[PDB]
Each structure stands twice: as structure tokens, then as C-alpha cells.
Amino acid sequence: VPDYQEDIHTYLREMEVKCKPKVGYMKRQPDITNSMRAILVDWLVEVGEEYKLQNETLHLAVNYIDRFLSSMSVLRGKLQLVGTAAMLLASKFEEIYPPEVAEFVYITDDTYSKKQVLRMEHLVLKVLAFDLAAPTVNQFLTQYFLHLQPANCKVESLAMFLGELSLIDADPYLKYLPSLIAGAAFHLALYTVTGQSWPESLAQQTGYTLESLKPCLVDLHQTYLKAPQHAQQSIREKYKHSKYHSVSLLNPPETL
């Protein structure tokens, strides 16, 4: 435990409140819905796999997208341009090796031109005022993982999977802060794999009792049960792989 570690957690807990998108913004969007958003995010999951991008890059792109759509009206035909420039920007921030723009143009099958993607990058930068370093569910998970001695990798792959599922459905999950989503996903992953529960050490560090995770936990549990039915499958396909311990193939618990 480095001595700046507690400071970083406190800082991120403050930043997640400042970088939070408006919870009800999709109502105010005339032409696009929670369902088009799910199709976009799911597609971004596949783009991430095709280019072997980090999970963090995916979580950042979604944060950028939701904040951009919080202040800007977008027609359905331009939604994917917003998502593509969001992914390009998260790639430049997060990745050692960001894909070049011509590759992002290729992955949309020439739906947009290079000039459009670059111009959308400019607009997204302007609208977010270059504040690109957002806390994500992913960053909070990796901190929570340190409370497992010894590390349980299966619990980790499962928590990551549950956290990534939350990105798909704006309703309910925009209602919860990344830190709380990460808390429920961690406890749910841990209970599923080891049958154990949210550690007292995390309850003290985060301030969340198991009780306070309950609302988000009920939601997350349902999402988990219904995952094979959900119209968007890219995350399940991704977490079937052995590098993830095929955790998407694990049966969820029936009750909590």
C-alpha cells in the first residue's frame, strides 16, 4: 500500500461526482433512445476487441459519450460519429498505441470520412473542455481487487464482466456513481465465486455498507440473470474467452 493510495481514492471519489453525466438526458434527446445507445456501446465493445484496446479505454469512451449527449442534441445518423470520435479520444488518452484515424474510419465501413471524424474529435474536445480523465467503474474495481489476499482472478474477471454489462443500459445504471456500481459488481462477483461477501475493509474505505449497495445490487443481479436474453451480446462473447476464465459461462446465483 503506497502512501498516496488513500489520497487517490479520495480524489477519484470527488472527481466522479464532477464528471457524472446528467441522469435524465435521454428524455431530452429528440431523435435517439436508450436502445440506440445500447447498440452503440455494444458495437464499441467489439471495436475494442478488434483493436485489442484496454477495458479502461472502453469505460472512458462511454463516459465521454454520455457527457457529450448530456449537453448536445444528436440525430440518429450522427450517433455513431460521436461514438467513434469518443473511442479515438479515449484511445489517445489511455492507450500506448492508439489506432490511427484511418482505421477508425475503416471500422465504420466508410459511414463517415476522415475529415468528419477529426472534426467530431474537435467538437467533443470543445464540449468536454478537454477534461478527459474521468474516474471509471474500472478504476474503482482495480482498487477494490487489492483487498483480496491472495488475488482471486476468477472473481476479478467476473467483476469486470458485471461492470462492463452496466455500460450497456443507461436506464438503470446512469443513476449510480461508478464507485457504487463497482462495489455491487465486486460483491456480486465475490459472492458468486467464493460465496463470500463485501469485506468490512472495503466498507470502511468506501463508506458503503453492504446495505447501501443493495439497490444497485438488485439491478445488477437481474441484469446478470437476463444476460443471455439481452439483445446486445458482445460482452458475453468477449468474456467467454479463457483469458477471462470464461466467467460469462458461470451460472449466476438464484438469490442473494
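Residue numbers run from 1 along the displayed sequence.
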query: Comparing 9-17 with 240-248, the one whose average Cα B-factor in the PDB entry is higher; finding: 240-248
query: Stretch with the greater mean C-alpha B-factor as recorded in the entry, comparing 99-107 against 84-92; finding: 99-107
query: Residue with maximal Cα B-factor (values as given in the PDB entry) among 38, 225, 58, 47; finding: 225
query: Which of 194, 70, 63, 54 ranks first by CA B-factor in the deposited coordinates; finding: 194
query: Residue 179 - which third its CA temperature factor falls in, relative to the rest of the chain; finding: lowest
query: Among modelled residues of the same chain, the CA temperature factor third for residue 148; finding: highest
query: Third of chain Cα B-factors occupied by residue 158; finding: middle
query: Assigned third (lowest, middle, highest) for the C-alpha B factor of residue 134; finding: lowest
query: Third of the chain, ranked by Cα B-factor, where residue 79 sits; finding: middle
